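**Q** My structure file start.txt, compact mmCIF, C-alpha atoms and all ligand atoms, is below:
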# COMPACT_ATOMS: atom_id res chain seq x y z
CA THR A 2 8.76 -13.64 19.56
CA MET A 3 9.39 -14.28 15.84
CA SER A 4 12.72 -13.34 14.25
CA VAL A 5 13.57 -12.18 10.73
CA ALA A 6 14.59 -15.74 9.91
CA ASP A 7 11.13 -16.89 11.01
CA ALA A 8 9.64 -14.31 8.63
CA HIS A 9 11.86 -15.67 5.85
CA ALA A 10 10.48 -19.16 6.58
CA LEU A 11 6.96 -17.85 5.80
CA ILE A 12 7.73 -17.01 2.15
CA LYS A 13 6.11 -19.29 -0.46
CA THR A 14 7.70 -20.08 -3.80
CA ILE A 15 5.05 -20.47 -6.48
CA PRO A 16 6.38 -21.93 -9.76
CA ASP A 17 5.27 -20.59 -13.15
CA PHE A 18 3.72 -17.35 -11.89
CA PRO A 19 2.45 -14.96 -13.15
CA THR A 20 3.64 -16.86 -16.24
CA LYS A 21 5.52 -20.14 -16.65
CA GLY A 22 9.25 -19.62 -16.24
CA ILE A 23 9.09 -17.11 -13.40
CA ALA A 24 9.32 -18.51 -9.88
CA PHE A 25 7.20 -16.07 -7.86
CA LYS A 26 8.31 -15.36 -4.30
CA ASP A 27 5.07 -14.84 -2.35
CA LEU A 28 5.74 -12.77 0.80
CA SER A 29 2.07 -12.56 1.73
CA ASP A 30 2.25 -14.69 4.89
CA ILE A 31 4.84 -12.28 6.37
CA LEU A 32 2.34 -9.41 6.07
CA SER A 33 -0.58 -11.42 7.47
CA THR A 34 1.35 -12.67 10.52
CA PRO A 35 1.74 -9.84 13.05
CA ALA A 36 4.90 -11.19 14.73
CA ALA A 37 6.59 -11.53 11.33
CA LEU A 38 5.54 -8.09 10.10
CA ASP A 39 6.89 -6.61 13.36
CA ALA A 40 10.24 -8.43 13.09
CA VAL A 41 10.71 -7.07 9.57
CA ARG A 42 9.58 -3.58 10.51
CA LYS A 43 11.95 -3.40 13.47
CA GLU A 44 14.83 -4.49 11.27
CA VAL A 45 14.13 -1.62 8.89
CA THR A 46 13.54 1.02 11.54
CA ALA A 47 16.66 -0.04 13.48
CA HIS A 48 18.80 0.11 10.35
CA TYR A 49 17.94 3.76 9.68
CA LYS A 50 17.86 5.03 13.28
CA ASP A 51 20.92 7.22 12.67
CA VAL A 52 19.82 8.36 9.20
CA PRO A 53 17.97 11.69 8.88
CA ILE A 54 15.36 10.31 6.47
CA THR A 55 12.63 12.91 5.76
CA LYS A 56 10.35 10.86 3.49
CA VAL A 57 9.61 7.24 2.69
CA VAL A 58 8.85 6.75 -1.01
CA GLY A 59 6.96 3.51 -1.61
CA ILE A 60 6.45 1.94 -5.02
CA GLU A 61 3.05 0.97 -6.30
CA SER A 62 1.80 -1.31 -5.33
CA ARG A 63 3.35 -3.90 -3.04
CA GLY A 64 5.80 -1.23 -1.92
CA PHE A 65 2.85 0.51 -0.23
CA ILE A 66 2.22 -2.04 2.51
CA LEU A 67 5.45 -2.06 4.52
CA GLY A 68 6.11 1.34 2.97
CA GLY A 69 3.49 3.20 4.95
CA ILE A 70 4.26 1.15 8.07
CA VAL A 71 7.92 2.12 7.93
CA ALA A 72 7.15 5.79 7.28
CA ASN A 73 4.77 5.98 10.21
CA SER A 74 7.16 4.07 12.44
CA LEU A 75 10.03 6.46 11.56
CA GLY A 76 7.78 9.46 12.04
CA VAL A 77 8.09 10.73 8.46
CA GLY A 78 5.66 11.26 5.60
CA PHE A 79 4.85 8.71 2.94
CA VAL A 80 5.08 9.51 -0.76
CA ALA A 81 3.56 7.31 -3.44
CA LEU A 82 5.38 6.55 -6.65
CA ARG A 83 2.77 5.05 -8.91
CA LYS A 84 1.71 3.76 -12.31
CA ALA A 85 1.09 6.48 -14.87
CA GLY A 86 -2.32 8.10 -15.13
CA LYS A 87 -3.19 7.71 -11.47
CA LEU A 88 -1.68 10.73 -9.72
CA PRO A 89 -3.44 14.08 -10.26
CA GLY A 90 -1.53 17.38 -10.50
CA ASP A 91 1.99 18.09 -11.76
CA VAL A 92 4.07 14.96 -12.02
CA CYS A 93 7.50 13.73 -13.08
CA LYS A 94 7.63 10.54 -15.17
CA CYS A 95 9.96 7.73 -16.19
CA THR A 96 9.37 4.60 -18.29
CA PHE A 97 11.18 1.29 -17.58
CA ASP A 98 11.10 -2.53 -17.80
CA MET A 99 10.92 -5.19 -15.05
CA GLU A 100 11.06 -9.02 -14.82
CA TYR A 101 7.62 -9.75 -16.31
CA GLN A 102 6.45 -6.56 -18.07
CA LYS A 103 7.93 -4.18 -20.64
CA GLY A 104 7.02 -0.51 -21.09
CA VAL A 105 6.05 0.39 -17.53
CA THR A 106 5.70 4.03 -16.53
CA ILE A 107 5.96 5.35 -12.99
CA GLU A 108 5.11 8.82 -11.75
CA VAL A 109 5.44 11.01 -8.68
CA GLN A 110 3.90 14.34 -7.74
CA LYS A 111 6.41 17.17 -8.16
CA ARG A 112 5.35 18.88 -4.96
CA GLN A 113 6.00 15.83 -2.74
CA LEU A 114 9.80 15.77 -3.19
CA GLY A 115 12.65 18.27 -3.41
CA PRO A 116 16.31 19.09 -2.57
CA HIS A 117 15.69 19.22 1.19
CA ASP A 118 14.58 15.58 1.29
CA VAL A 119 16.49 12.50 2.40
CA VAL A 120 14.59 9.63 0.86
CA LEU A 121 14.10 6.04 1.87
CA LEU A 122 12.93 4.38 -1.33
CA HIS A 123 11.15 1.23 -0.38
CA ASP A 124 9.85 -1.69 -2.38
CA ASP A 125 9.03 -5.27 -1.46
CA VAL A 126 11.23 -7.26 -3.86
CA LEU A 127 14.48 -6.47 -5.67
CA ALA A 128 14.61 -8.62 -8.81
CA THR A 129 16.42 -7.15 -11.82
CA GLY A 130 16.47 -3.67 -10.34
CA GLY A 131 14.65 -1.88 -13.14
CA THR A 132 11.77 -0.59 -11.02
CA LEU A 133 14.16 0.83 -8.44
CA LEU A 134 16.60 2.30 -10.96
CA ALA A 135 13.65 4.01 -12.60
CA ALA A 136 12.52 5.05 -9.12
CA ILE A 137 15.86 6.68 -8.34
CA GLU A 138 15.58 8.66 -11.59
CA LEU A 139 12.12 9.85 -10.62
CA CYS A 140 13.29 11.13 -7.25
CA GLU A 141 16.30 12.85 -8.78
CA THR A 142 14.20 14.55 -11.45
CA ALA A 143 11.92 15.78 -8.65
CA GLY A 144 14.92 17.47 -7.04
CA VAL A 145 16.25 14.94 -4.49
CA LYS A 146 20.05 14.86 -4.31
CA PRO A 147 21.77 11.59 -5.32
CA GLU A 148 23.62 11.36 -1.98
CA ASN A 149 20.29 11.69 -0.16
CA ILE A 150 18.64 8.50 -1.40
CA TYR A 151 18.61 5.24 0.51
CA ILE A 152 17.03 2.05 -0.72
CA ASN A 153 15.28 -0.67 1.23
CA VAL A 154 13.58 -3.84 0.10
CA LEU A 155 12.00 -6.64 2.04
CA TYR A 156 13.37 -9.42 -0.17
CA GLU A 157 16.43 -9.51 -2.43
CA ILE A 158 16.81 -12.11 -5.19
CA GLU A 159 20.62 -12.00 -5.43
CA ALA A 160 20.48 -14.29 -8.46
CA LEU A 161 19.49 -11.53 -10.88
CA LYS A 162 22.15 -9.17 -9.42
CA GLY A 163 19.85 -6.15 -9.16
CA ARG A 164 22.07 -4.63 -6.48
CA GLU A 165 24.83 -4.10 -9.07
CA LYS A 166 22.33 -2.65 -11.55
CA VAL A 167 20.80 -0.26 -9.01
CA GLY A 168 24.36 0.30 -7.82
CA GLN A 169 25.03 2.55 -10.80
CA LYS A 170 22.70 5.13 -9.22
CA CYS A 171 22.55 4.15 -5.54
CA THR A 172 24.80 1.95 -3.38
CA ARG A 173 23.04 2.43 -0.04
CA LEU A 174 20.83 -0.63 -0.40
CA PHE A 175 19.52 -2.55 2.60
CA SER A 176 17.52 -5.73 2.14
CA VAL A 177 15.81 -7.43 5.05
CA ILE A 178 16.01 -10.85 3.45
CA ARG A 179 18.25 -12.35 0.77
CA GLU A 180 17.14 -15.44 -1.12
CA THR B 2 -0.08 18.78 17.11
CA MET B 3 -2.32 18.47 14.02
CA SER B 4 -5.94 17.35 14.37
CA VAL B 5 -8.18 15.37 12.02
CA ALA B 6 -9.68 18.65 10.84
CA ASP B 7 -6.17 19.83 9.96
CA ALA B 8 -5.72 16.63 7.94
CA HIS B 9 -9.01 17.36 6.17
CA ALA B 10 -7.67 20.82 5.27
CA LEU B 11 -4.78 19.14 3.40
CA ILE B 12 -7.02 17.43 0.82
CA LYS B 13 -6.87 18.84 -2.73
CA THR B 14 -9.81 18.83 -5.11
CA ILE B 15 -8.64 18.34 -8.68
CA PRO B 16 -11.36 18.98 -11.29
CA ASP B 17 -11.78 16.74 -14.34
CA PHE B 18 -9.64 13.85 -13.09
CA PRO B 19 -8.91 11.14 -14.12
CA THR B 20 -11.46 12.24 -16.74
CA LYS B 21 -13.52 15.41 -17.12
CA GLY B 22 -16.65 15.24 -14.99
CA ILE B 23 -15.10 13.55 -11.97
CA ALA B 24 -13.84 15.84 -9.21
CA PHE B 25 -10.90 13.88 -7.77
CA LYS B 26 -10.29 14.19 -4.03
CA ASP B 27 -6.49 14.00 -3.65
CA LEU B 28 -5.58 12.87 -0.12
CA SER B 29 -1.87 12.68 -0.87
CA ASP B 30 -0.77 15.57 1.36
CA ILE B 31 -2.28 13.79 4.41
CA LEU B 32 -0.01 10.79 3.79
CA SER B 33 3.10 12.91 3.19
CA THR B 34 2.64 15.03 6.33
CA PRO B 35 3.58 12.99 9.41
CA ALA B 36 1.41 14.93 11.90
CA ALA B 37 -1.62 14.46 9.63
CA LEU B 38 -1.01 10.77 9.02
CA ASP B 39 -0.69 10.27 12.79
CA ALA B 40 -3.92 12.16 13.56
CA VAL B 41 -5.81 9.97 11.10
CA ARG B 42 -4.17 6.78 12.31
CA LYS B 43 -4.98 7.53 15.95
CA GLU B 44 -8.59 8.18 15.04
CA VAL B 45 -8.84 4.75 13.43
CA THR B 46 -6.99 2.86 16.14
CA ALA B 47 -8.99 4.58 18.91
CA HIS B 48 -12.27 3.75 17.20
CA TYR B 49 -11.57 0.00 17.20
CA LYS B 50 -9.84 -0.28 20.58
CA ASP B 51 -12.71 -2.36 21.98
CA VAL B 52 -13.19 -4.43 18.81
CA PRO B 53 -11.46 -7.84 18.59
CA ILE B 54 -10.27 -7.30 15.00
CA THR B 55 -7.98 -10.16 13.87
CA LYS B 56 -7.07 -8.92 10.38
CA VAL B 57 -6.98 -5.68 8.43
CA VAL B 58 -7.95 -6.22 4.79
CA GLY B 59 -6.73 -3.37 2.60
CA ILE B 60 -7.87 -2.78 -0.96
CA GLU B 61 -5.45 -2.39 -3.82
CA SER B 62 -4.04 -0.01 -4.13
CA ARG B 63 -4.58 3.17 -2.15
CA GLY B 64 -6.12 1.04 0.59
CA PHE B 65 -2.62 -0.37 1.19
CA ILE B 66 -1.01 2.75 2.60
CA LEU B 67 -3.02 3.50 5.74
CA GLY B 68 -4.08 -0.14 5.59
CA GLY B 69 -0.75 -1.58 6.62
CA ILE B 70 -0.19 1.26 9.11
CA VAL B 71 -3.47 0.51 10.86
CA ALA B 72 -2.84 -3.24 10.91
CA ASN B 73 0.59 -2.80 12.43
CA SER B 74 -0.68 -0.23 14.90
CA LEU B 75 -3.49 -2.60 16.03
CA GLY B 76 -1.08 -5.50 16.24
CA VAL B 77 -2.86 -7.64 13.63
CA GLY B 78 -1.91 -9.04 10.24
CA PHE B 79 -2.52 -7.32 6.93
CA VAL B 80 -4.30 -9.05 4.06
CA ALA B 81 -4.25 -7.72 0.52
CA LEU B 82 -7.34 -7.71 -1.64
CA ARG B 83 -6.09 -7.02 -5.12
CA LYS B 84 -6.72 -6.73 -8.84
CA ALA B 85 -7.12 -10.05 -10.61
CA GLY B 86 -4.08 -11.89 -11.91
CA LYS B 87 -1.72 -10.61 -9.25
CA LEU B 88 -2.12 -12.98 -6.30
CA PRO B 89 -0.57 -16.45 -6.67
CA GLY B 90 -2.18 -19.58 -5.17
CA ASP B 91 -5.85 -20.37 -4.52
CA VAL B 92 -8.01 -17.29 -4.64
CA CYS B 93 -11.63 -16.17 -4.36
CA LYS B 94 -12.86 -13.64 -6.92
CA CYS B 95 -15.57 -11.05 -7.51
CA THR B 96 -16.17 -8.62 -10.39
CA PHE B 97 -17.67 -5.14 -9.85
CA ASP B 98 -17.93 -1.52 -11.07
CA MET B 99 -16.72 1.75 -9.47
CA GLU B 100 -16.99 5.51 -10.21
CA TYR B 101 -14.61 5.61 -13.20
CA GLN B 102 -14.14 2.01 -14.39
CA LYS B 103 -16.45 -0.87 -15.33
CA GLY B 104 -15.61 -4.57 -15.16
CA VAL B 105 -13.11 -4.57 -12.30
CA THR B 106 -12.14 -7.84 -10.65
CA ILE B 107 -10.73 -8.17 -7.14
CA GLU B 108 -9.21 -11.24 -5.55
CA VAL B 109 -8.02 -12.53 -2.19
CA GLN B 110 -6.02 -15.60 -1.19
CA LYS B 111 -8.28 -18.27 0.28
CA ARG B 112 -5.81 -19.15 3.02
CA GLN B 113 -5.60 -15.60 4.41
CA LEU B 114 -9.21 -15.42 5.68
CA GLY B 115 -11.71 -17.71 7.40
CA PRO B 116 -14.56 -18.05 9.94
CA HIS B 117 -12.34 -17.24 12.94
CA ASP B 118 -11.53 -13.78 11.59
CA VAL B 119 -12.94 -10.40 12.59
CA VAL B 120 -12.10 -8.16 9.67
CA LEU B 121 -11.43 -4.47 9.39
CA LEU B 122 -11.89 -3.77 5.69
CA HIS B 123 -10.08 -0.60 4.90
CA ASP B 124 -9.98 1.62 1.85
CA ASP B 125 -9.06 5.25 1.36
CA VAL B 126 -12.20 6.68 -0.26
CA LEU B 127 -15.86 5.65 -0.18
CA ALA B 128 -17.49 6.91 -3.38
CA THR B 129 -20.35 4.82 -4.79
CA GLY B 130 -19.54 1.86 -2.58
CA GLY B 131 -19.02 -0.71 -5.33
CA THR B 132 -15.43 -1.58 -4.43
CA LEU B 133 -16.35 -2.13 -0.80
CA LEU B 134 -19.55 -4.05 -1.51
CA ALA B 135 -17.53 -6.31 -3.77
CA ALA B 136 -14.92 -6.47 -1.01
CA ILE B 137 -17.47 -7.63 1.56
CA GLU B 138 -18.53 -10.40 -0.83
CA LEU B 139 -14.93 -11.51 -1.22
CA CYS B 140 -14.41 -11.79 2.52
CA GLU B 141 -17.67 -13.66 2.98
CA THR B 142 -16.87 -16.13 0.21
CA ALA B 143 -13.51 -16.72 1.94
CA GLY B 144 -15.38 -17.74 5.08
CA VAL B 145 -15.61 -14.56 7.19
CA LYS B 146 -18.94 -14.20 8.99
CA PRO B 147 -21.12 -11.21 8.04
CA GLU B 148 -21.33 -10.01 11.66
CA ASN B 149 -17.52 -10.05 11.84
CA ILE B 150 -16.79 -7.40 9.22
CA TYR B 151 -16.12 -3.77 10.00
CA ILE B 152 -15.44 -1.11 7.42
CA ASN B 153 -13.19 1.91 7.61
CA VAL B 154 -12.36 4.56 5.07
CA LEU B 155 -10.26 7.67 5.31
CA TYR B 156 -12.63 9.85 3.29
CA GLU B 157 -16.37 9.54 2.68
CA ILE B 158 -18.09 11.35 -0.21
CA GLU B 159 -21.60 11.42 1.29
CA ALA B 160 -22.95 12.83 -1.98
CA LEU B 161 -22.96 9.48 -3.76
CA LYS B 162 -24.55 7.75 -0.73
CA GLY B 163 -22.20 4.77 -0.73
CA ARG B 164 -22.91 4.13 2.94
CA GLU B 165 -26.48 3.12 2.07
CA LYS B 166 -25.26 0.92 -0.78
CA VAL B 167 -22.62 -0.81 1.35
CA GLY B 168 -25.25 -0.83 4.09
CA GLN B 169 -27.02 -3.72 2.41
CA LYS B 170 -24.08 -5.95 3.41
CA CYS B 171 -22.38 -4.05 6.26
CA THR B 172 -23.59 -1.23 8.53
CA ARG B 173 -20.50 -0.93 10.75
CA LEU B 174 -18.88 1.78 8.67
CA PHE B 175 -16.49 4.34 10.17
CA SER B 176 -15.10 7.16 8.06
CA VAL B 177 -12.40 9.45 9.37
CA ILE B 178 -13.49 12.34 7.19
CA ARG B 179 -16.77 13.22 5.48
CA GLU B 180 -16.80 15.64 2.57
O1 LIG C 201 13.55 -5.65 -9.78
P1 LIG C 201 12.46 -5.62 -10.85
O2 LIG C 201 12.76 -6.62 -11.96
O3 LIG C 201 12.16 -4.22 -11.38
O4 LIG C 201 11.10 -6.23 -10.24
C1 LIG C 201 10.61 -5.90 -8.95
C2 LIG C 201 9.41 -5.24 -8.94
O5 LIG C 201 8.31 -5.97 -9.66
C3 LIG C 201 7.23 -6.24 -8.81
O6 LIG C 201 6.18 -5.24 -8.90
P2 LIG C 201 5.07 -5.27 -10.08
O7 LIG C 201 5.62 -4.52 -11.24
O8 LIG C 201 4.69 -6.69 -10.33
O9 LIG C 201 3.89 -4.40 -9.43
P3 LIG C 201 2.93 -4.72 -8.12
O10 LIG C 201 3.68 -4.18 -6.95
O11 LIG C 201 1.64 -3.99 -8.37
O12 LIG C 201 2.80 -6.25 -8.06
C4 LIG C 201 7.82 -6.13 -7.38
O13 LIG C 201 6.79 -5.79 -6.46
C5 LIG C 201 8.89 -5.07 -7.54
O14 LIG C 201 8.28 -3.77 -7.38
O1 LIG C 202 -16.79 3.73 -3.91
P1 LIG C 202 -16.28 3.36 -5.30
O2 LIG C 202 -17.10 4.05 -6.38
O3 LIG C 202 -16.16 1.85 -5.52
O4 LIG C 202 -14.84 4.02 -5.54
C1 LIG C 202 -13.81 4.01 -4.56
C2 LIG C 202 -12.69 3.30 -4.90
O5 LIG C 202 -12.07 3.75 -6.20
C3 LIG C 202 -10.74 4.17 -6.01
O6 LIG C 202 -9.77 3.11 -6.29
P2 LIG C 202 -9.31 2.76 -7.80
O7 LIG C 202 -10.27 1.78 -8.36
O8 LIG C 202 -9.17 4.05 -8.55
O9 LIG C 202 -7.91 2.03 -7.53
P3 LIG C 202 -6.50 2.62 -6.92
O10 LIG C 202 -6.61 2.44 -5.44
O11 LIG C 202 -5.40 1.77 -7.51
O12 LIG C 202 -6.44 4.10 -7.32
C4 LIG C 202 -10.64 4.47 -4.50
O13 LIG C 202 -9.28 4.31 -4.07
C5 LIG C 202 -11.60 3.47 -3.88
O14 LIG C 202 -10.90 2.22 -3.67
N1 LIG C 203 10.16 -13.76 -8.61
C1 LIG C 203 9.52 -12.75 -8.22
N2 LIG C 203 8.75 -12.86 -7.05
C2 LIG C 203 7.98 -11.85 -6.48
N3 LIG C 203 7.90 -10.63 -7.02
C3 LIG C 203 8.64 -10.49 -8.16
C4 LIG C 203 8.72 -9.32 -8.91
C5 LIG C 203 9.56 -9.60 -9.97
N4 LIG C 203 9.99 -10.88 -9.91
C6 LIG C 203 9.43 -11.45 -8.79
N1 LIG C 204 -13.74 11.64 -6.51
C1 LIG C 204 -12.93 10.73 -6.20
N2 LIG C 204 -11.73 11.09 -5.56
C2 LIG C 204 -10.73 10.22 -5.14
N3 LIG C 204 -10.82 8.90 -5.32
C3 LIG C 204 -11.98 8.52 -5.94
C4 LIG C 204 -12.31 7.20 -6.24
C5 LIG C 204 -13.55 7.24 -6.85
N4 LIG C 204 -13.99 8.52 -6.95
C6 LIG C 204 -13.02 9.32 -6.38
MG MG C 205 5.81 -3.60 -7.32
MG MG C 206 -8.65 1.92 -4.67
In C-alpha cells, write the structure found in this file.
Ligand SMILES: O=P(O)(O)OC[C@H]1O[C@H](OP(=O)(O)OP(=O)(O)O)[C@H](O)[C@@H]1O
Ligand SMILES: O=P(O)(O)OC[C@H]1O[C@H](OP(=O)(O)OP(=O)(O)O)[C@H](O)[C@@H]1O
Ligand SMILES: Nc1ncnc2cc[nH]c12
Ligand SMILES: Nc1ncnc2cc[nH]c12
Ligand SMILES: [Mg+2]
Ligand SMILES: [Mg+2]

**A**
Amino acid sequence: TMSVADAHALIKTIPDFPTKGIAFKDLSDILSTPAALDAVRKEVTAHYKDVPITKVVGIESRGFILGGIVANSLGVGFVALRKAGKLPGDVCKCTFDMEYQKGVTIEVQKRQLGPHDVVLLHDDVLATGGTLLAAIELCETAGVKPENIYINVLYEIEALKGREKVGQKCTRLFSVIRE
Amino acid sequence: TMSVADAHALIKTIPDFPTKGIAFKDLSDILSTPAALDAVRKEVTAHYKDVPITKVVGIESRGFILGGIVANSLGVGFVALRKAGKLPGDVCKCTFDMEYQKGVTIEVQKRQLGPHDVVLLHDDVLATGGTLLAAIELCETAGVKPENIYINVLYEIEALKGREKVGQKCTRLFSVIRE
C-alpha cells in the first residue's frame, strides 16, 4: 500500500508555469492514482478525528477535489468558496492577491455558514497564503468564530512562508506534504 | 436517512442567474447536507458497481466536488478536465459552447488517459450537453475508446434535451436527478 511519502514522490515540478519564473508544483498524479489519493485522504481524516468539524469549506477550484472527498469521508457537508459571479443568492465577498494573479475575488453563500460551525478550510497548495487568509475572512464575515476554523492543505511550499502569513488569522494549519 | 428525492427537494431555483433569462438550478444545499450528499453518492456508486471503471473524469469546476467523492468511493483515480491555460504539461484541447458562455476551451493532460481506460465522465448538471460532448471528444483524442466512456450527472434538465445531443457520442448516460 502506498504511503504519504509515495504520494509526495508523484508530484511533478514544471518550470516556468503558468508563466516563466513560477515553478508549478503539479499534484495531478496523486489524484489520478487511487493508492496515493487514499494515503493522503487517510492522513487528513486521521488528523481531525478528535475535532468536531461541522463543515469542510473547499476553495475553487483545485480545493474542490480532495475537498469533497474529505467532507464525505468525515461525514460532514461541503461548502464551496468560489470566484465572484458564480454563486447565486446572498453572498459574502472578499478580494485578494495570490502568487500569479492580482485582484481576485472569492465568495461564499451566507446561508451555508454561521456561528454554530466548526470549519475545515481546505485547499490544495499553500503558497503565499493570500487565498487562505482571504478565505478565513470570508468564513468569519459569514459568522464562523475565529477559534472554530481549522486549515488543511495537501501541499505546503514552506519557502514563501505562507504559514506565518495565514498565522495572523489562523494557527491551526495542517499540511499533508511540505516541499 | 435521506433519500435521493429528499436531495432533489433541497435544490433551489434562482431566476435570472447568472443573467436574466436563465433559471439557475442551485444544487448547493445537497453538497452541504451530509445525508443528501451520501444519498446521491450511493446512487452513483451503486449504478456502476458492475462496471469496470478505471478513472473518473470530472469537469471543472462543479464537476470536481462529487467527482472526487465518486472516484474515491469507487476506488479509482480522479482526472481533471479543466479550463484552458491551467493544466501544465502536454495536453489535448477542445473548444465548445454552453448555455451561458460561448468560446469555452477545456483541456486534459495527455498522460492521464489512454486506451486501457474505462471512463466515468462526471459533471453536476446536464443542460444543452455542449460541455459533455466536448468532454467526450477530449477523452477520445487522449486515446479512450468510445465504447469505454460512461457519463454521469447529478442533475438533468430534460427540457433542453442534452441527452439526445450527447447521445451522438455517448448513450450510456446516468443522471441522479431529472428536473
Ligand atoms: O497561497 P497563494 O499564493 O494564495 O496561492 C495558492 C492558491 O493558488 C492556486 O489556485 P488558483 O488561484 O490558481 O486557482 P485554481 O484552483 O482554479 O487553479 C492554488 O490552487 C491555491 O488555491
Ligand atoms: O450542458 P451545458 O449547456 O454544456 O451546461 C452545463 C455545464 O455548465 C455549467 O458549468 P460552467 O460552465 O458554468 O462552469 P462551472 O462548473 O465553473 O460553474 C455546469 O456546471 C455544467 O458543467
Ligand atoms: N508553485 C505553485 N504550484 C502549484 N500551485 C500553485 C499555486 C500558487 N503557486 C503554485
Ligand atoms: N440552469 C442551469 N442551472 C445550473 N447550472 C447550469 C449550467 C447551465 N445551465 C444551468
Ligand atoms: Mg486554487
Ligand atoms: Mg461546470

**Q** Collect all residues with atoms no farther than 8 Å from ligand MG 206 (chain C), counting all atoms listed in the file, and output them as JSON, numbers by chain.

**A** {"B": [60, 61, 62, 63, 64, 124, 125, 126, 132]}

**Q** Looking at all atoms listed in the file, which of B:10, B:174, B:47, B:81 is the one that sits closest to residue 31 of chain A?

**A** B:81

**Q** Kindly provide, as a PDB file with C-alpha atoms, keeping the file's coordinate frame, the residues of chain A having any atom no farther than 10 Å from an atom of chain B, counting all atoms listed in the file.

**A**
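File selection39.pdb, as written:
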ATOM      1  CA  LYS A  13       6.110 -19.290  -0.460  1.00  0.00           C
ATOM      2  CA  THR A  14       7.700 -20.080  -3.800  1.00  0.00           C
ATOM      3  CA  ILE A  15       5.050 -20.470  -6.480  1.00  0.00           C
ATOM      4  CA  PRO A  16       6.380 -21.930  -9.760  1.00  0.00           C
ATOM      5  CA  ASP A  17       5.270 -20.590 -13.150  1.00  0.00           C
ATOM      6  CA  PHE A  18       3.720 -17.350 -11.890  1.00  0.00           C
ATOM      7  CA  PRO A  19       2.450 -14.960 -13.150  1.00  0.00           C
ATOM      8  CA  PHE A  25       7.200 -16.070  -7.860  1.00  0.00           C
ATOM      9  CA  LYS A  26       8.310 -15.360  -4.300  1.00  0.00           C
ATOM     10  CA  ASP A  27       5.070 -14.840  -2.350  1.00  0.00           C
ATOM     11  CA  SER A  29       2.070 -12.560   1.730  1.00  0.00           C
ATOM     12  CA  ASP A  30       2.250 -14.690   4.890  1.00  0.00           C
ATOM     13  CA  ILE A  31       4.840 -12.280   6.370  1.00  0.00           C
ATOM     14  CA  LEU A  32       2.340  -9.410   6.070  1.00  0.00           C
ATOM     15  CA  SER A  33      -0.580 -11.420   7.470  1.00  0.00           C
ATOM     16  CA  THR A  34       1.350 -12.670  10.520  1.00  0.00           C
ATOM     17  CA  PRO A  35       1.740  -9.840  13.050  1.00  0.00           C
ATOM     18  CA  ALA A  36       4.900 -11.190  14.730  1.00  0.00           C
ATOM     19  CA  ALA A  37       6.590 -11.530  11.330  1.00  0.00           C
ATOM     20  CA  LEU A  38       5.540  -8.090  10.100  1.00  0.00           C
ATOM     21  CA  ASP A  39       6.890  -6.610  13.360  1.00  0.00           C
ATOM     22  CA  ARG A  42       9.580  -3.580  10.510  1.00  0.00           C
ATOM     23  CA  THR A  55      12.630  12.910   5.760  1.00  0.00           C
ATOM     24  CA  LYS A  56      10.350  10.860   3.490  1.00  0.00           C
ATOM     25  CA  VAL A  57       9.610   7.240   2.690  1.00  0.00           C
ATOM     26  CA  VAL A  58       8.850   6.750  -1.010  1.00  0.00           C
ATOM     27  CA  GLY A  59       6.960   3.510  -1.610  1.00  0.00           C
ATOM     28  CA  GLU A  61       3.050   0.970  -6.300  1.00  0.00           C
ATOM     29  CA  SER A  62       1.800  -1.310  -5.330  1.00  0.00           C
ATOM     30  CA  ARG A  63       3.350  -3.900  -3.040  1.00  0.00           C
ATOM     31  CA  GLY A  64       5.800  -1.230  -1.920  1.00  0.00           C
ATOM     32  CA  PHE A  65       2.850   0.510  -0.230  1.00  0.00           C
ATOM     33  CA  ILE A  66       2.220  -2.040   2.510  1.00  0.00           C
ATOM     34  CA  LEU A  67       5.450  -2.060   4.520  1.00  0.00           C
ATOM     35  CA  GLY A  68       6.110   1.340   2.970  1.00  0.00           C
ATOM     36  CA  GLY A  69       3.490   3.200   4.950  1.00  0.00           C
ATOM     37  CA  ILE A  70       4.260   1.150   8.070  1.00  0.00           C
ATOM     38  CA  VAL A  71       7.920   2.120   7.930  1.00  0.00           C
ATOM     39  CA  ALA A  72       7.150   5.790   7.280  1.00  0.00           C
ATOM     40  CA  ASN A  73       4.770   5.980  10.210  1.00  0.00           C
ATOM     41  CA  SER A  74       7.160   4.070  12.440  1.00  0.00           C
ATOM     42  CA  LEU A  75      10.030   6.460  11.560  1.00  0.00           C
ATOM     43  CA  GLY A  76       7.780   9.460  12.040  1.00  0.00           C
ATOM     44  CA  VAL A  77       8.090  10.730   8.460  1.00  0.00           C
ATOM     45  CA  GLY A  78       5.660  11.260   5.600  1.00  0.00           C
ATOM     46  CA  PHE A  79       4.850   8.710   2.940  1.00  0.00           C
ATOM     47  CA  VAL A  80       5.080   9.510  -0.760  1.00  0.00           C
ATOM     48  CA  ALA A  81       3.560   7.310  -3.440  1.00  0.00           C
ATOM     49  CA  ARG A  83       2.770   5.050  -8.910  1.00  0.00           C
ATOM     50  CA  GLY A  86      -2.320   8.100 -15.130  1.00  0.00           C
ATOM     51  CA  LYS A  87      -3.190   7.710 -11.470  1.00  0.00           C
ATOM     52  CA  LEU A  88      -1.680  10.730  -9.720  1.00  0.00           C
ATOM     53  CA  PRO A  89      -3.440  14.080 -10.260  1.00  0.00           C
ATOM     54  CA  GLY A  90      -1.530  17.380 -10.500  1.00  0.00           C
ATOM     55  CA  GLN A 110       3.900  14.340  -7.740  1.00  0.00           C
ATOM     56  CA  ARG A 112       5.350  18.880  -4.960  1.00  0.00           C
ATOM     57  CA  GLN A 113       6.000  15.830  -2.740  1.00  0.00           C
ATOM     58  CA  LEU A 114       9.800  15.770  -3.190  1.00  0.00           C
TER      59      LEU A 114
END

**Q** Quick one: residues within 9 Å of residue 148 of chain A, all atoms listed in the file counted, chain neighbours fewer than 3 positions away excluded, as number ranges by chain?

**A** A: 119, 145, 151, 171

**Q** Determine, counting all atoms listed in the file, every residue of protein, DNA or RNA that lies within 7 Å of (6.7, 7.6, -12.4) in the file coordinates, then give the result as JSON, numbers by chain.

**A** {"A": [82, 83, 84, 85, 93, 94, 95, 106, 107, 108, 109, 139]}

**Q** Would you mind telling me which residue in B:99, B:155, B:161, B:122 lies nearest to residue 176 of chain B when using all atoms listed in the file?

**A**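 Under the stated criterion, the closest residue is B:155.
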
**Q** Do you have the atom CA of residue 178 of chain B-atom CA of residue 147 of chain B distance handy?

**A**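 According to the coordinates, atom CA of residue 178 of chain B and atom CA of residue 147 of chain B are separated by 24.8 Å.
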